[PDB]
Each structure stands twice: as structure tokens, then as C-alpha cells.
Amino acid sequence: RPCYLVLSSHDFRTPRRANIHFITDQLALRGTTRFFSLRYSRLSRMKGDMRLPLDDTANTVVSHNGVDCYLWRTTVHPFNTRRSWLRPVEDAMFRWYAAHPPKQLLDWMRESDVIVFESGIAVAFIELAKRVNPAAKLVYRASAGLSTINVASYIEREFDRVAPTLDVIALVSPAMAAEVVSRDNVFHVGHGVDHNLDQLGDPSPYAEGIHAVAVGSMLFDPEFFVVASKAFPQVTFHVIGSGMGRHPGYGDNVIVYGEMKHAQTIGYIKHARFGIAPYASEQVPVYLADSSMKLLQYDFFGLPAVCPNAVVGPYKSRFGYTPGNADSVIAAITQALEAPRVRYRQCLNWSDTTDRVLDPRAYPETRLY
């Protein structure tokens, strides 16, 4: 039993699990498992961080589902000011941040056999991990491209600097490789799915009729549903965890649900006629076609999908539209309604995914070079 440390600006305790949470669940099955949460400060708090409900636990270890969680709270955290004249202040703050890890981080690094750094702020601690524990296998999990996150220049330069020294760079999408300045240690590992997705998919939340589903708040475009619901009165749109309420534009054929536990979303997904990834913008990375979690979930079931053209990507059963263009929304839906359900996409479970995250060389198909 190996001991894992995950560094991320997620916190493991926050209710909507992201990819790193699912991986972390798998790590917790394999060995000790600590999740150290970064980029959280007093500043964070006065800006609406998802982690604020955890604030009274800050800087202490809390056990959550077999994971040791630590939300690091500093007074300020370094960030992209987005003003290129403020750069040397940024560099200063990132250097300062990186130079002042808490003892708990250092201890956890020392205790770890494997340290996973999620793309983002965690980059600032890769070198530190190498110094603290050169025996630790250093796994960078690229949930997102650095440029997409729009990290400070410091983090890009630092990532570029340290990236070759990482044991594993596990890209969610090969499309991320262009901006990763390393080769021999760069691997492709999607997105897992729950090993029991098919069992979770039964029963059925839906009565008779045609049901379409959207799950998730990422770039949530209510206007999609404004148009789609009006244009398709015979379709019931199930809008789950959109991060917002009932937009006044929604037709009565839209059902708006609060955030739903992942396992419970699945029946809504499996038994839908088609799913929707209503990203409000096409100013999105090319990799989002691969990295979108909801689209992966639809894909698992072969659920035809309506999504912006920019995230259709190299996939069947995705019908692109232009956000804000009613005609294209209607055309895409019209096609989705008639698309057959076929499981085109191979979806490894989270356990098999985590295996390849940790030892991609044992699975040579993951190699990008």
C-alpha cells in the first residue's frame, strides 16, 4: 500500500466531485491518501470560493471518505493579475507562496510514495516535492491546459521548467500535449467513468415522452433551453445542476433540478433521448471535447448529444450548434432526436483510469511520443 498525496485547488470535501475526486477515491482504495487543497486564502474567501464552507477547518487535517484532507489557508494567495506590468509582483507572490509551504504539506510529501499535482497552482510545488521526496513518483494530472485556466505566467514558466522532471504527465486529452514542453513523460489518460454506471442507470426517472438531459453548470447556457424548449414543446428538458434556477425563458417543458449526486444523475442520462452540453461559449480549448465530463457520461451510454460546434471534436453522436444561434440549436436538436444510440466511445472505469494515471508506462498505448 502506497501513500498518495494529491495537490489541487479543489478540496476533496466539496460536494460536486471533479475528475481529481474520482481519481482520489481510487487512490484511497489503494493506500493512505491525502488531499491538500491549494490557492485558498483570506482573499479567496472575500471572492466566493467554493471552499468557504470549509473555512473553519482550514490548516488542519480532516478525514473525509478515507482521505486526509487539508485546506491550506494563507492570508493571500498568488494569482494572475492579468496586467503584464504587475508580473514581477506575481512572480514575487508565486515565489513567496511556493517558498512557504506549511509543515503539513512537507510532512505529507515526505510520507508519500506518489504525489499527484493537478494542473494549476500545484505546479508551484512540483520542485518542492522533488526536494522533499526525490523517491516520490511525481504525477501531473492535466485536468486542464495551463493557458485555459489562464494561470499566471509564473506557473507556465515553472511548469515548462519542471515538466521534464516529472515521472508522469497524464494528459486528459492528447490535444493538451502541444502546450506541454516535455515528451518522454507525457501520456494520454482520459477521464474514467464509474465502474457501475450501467447499474446506476436503471431505473428511470422518466415517464412517457421525449426526455433530454443537461447535467452540470460549466459555462451553463440558459439561452440554449430558452430556445430549445420553445422549439421542441414535445421534449421535456431536464436541466440538472446548472448552477442556476429556473430562467424565466424556459418553457414549461423544462424541469430544473438542484445539484444532484452523481449516481443519481445517471438514470437521467441513460434514459434520456439525447443529452445537452450547453456551453455558453465556444472560446473553449480544443481538448474540452475530450475532457468534458458530462459529454463523457452521455458518451458512455451512446446518448446522442447536442453541444457547441467547438466541443463536438472528433466524436460521433454530437450535434454542434452555435451558442446564441437559435437556428443552429434547433437544427442540432433535430438531428440529435434522430441519432441512433451507439456506444462509440471506449470508457475506462475510474480504477483502470487511475492505474494508467499512476503507471502509464505499464500501458504503452497511453504514450504520446
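Sequential numbering from 1, following the sequence displayed.
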Mean temperature factor over C-alpha atoms, higher-scoring stretch between 346-354 and 15-23: 15-23
Stretch with the greater mean C-alpha B-factor as recorded in the entry, comparing 322-330 against 42-50: 42-50
Residue with highest C-alpha B-factor in the PDB entry, from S242, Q199, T236, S119: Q199
Given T265, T75, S173, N253, the residue at which the Cα B factor reaches its maximum: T75
CA B-factor placement of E259, once the chain's modelled residues are sorted into thirds: highest
Entry-reported Cα temperature factor of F225, expressed as the chain third it lands in: lowest
Position of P308 among the chain's modelled residues by C-alpha B-factor, lowest, middle or highest third: lowest
Entry-reported Cα temperature factor of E179, expressed as the chain third it lands in: middle
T33, C-alpha B-factor rank within chain (lowest, middle or highest third): middle
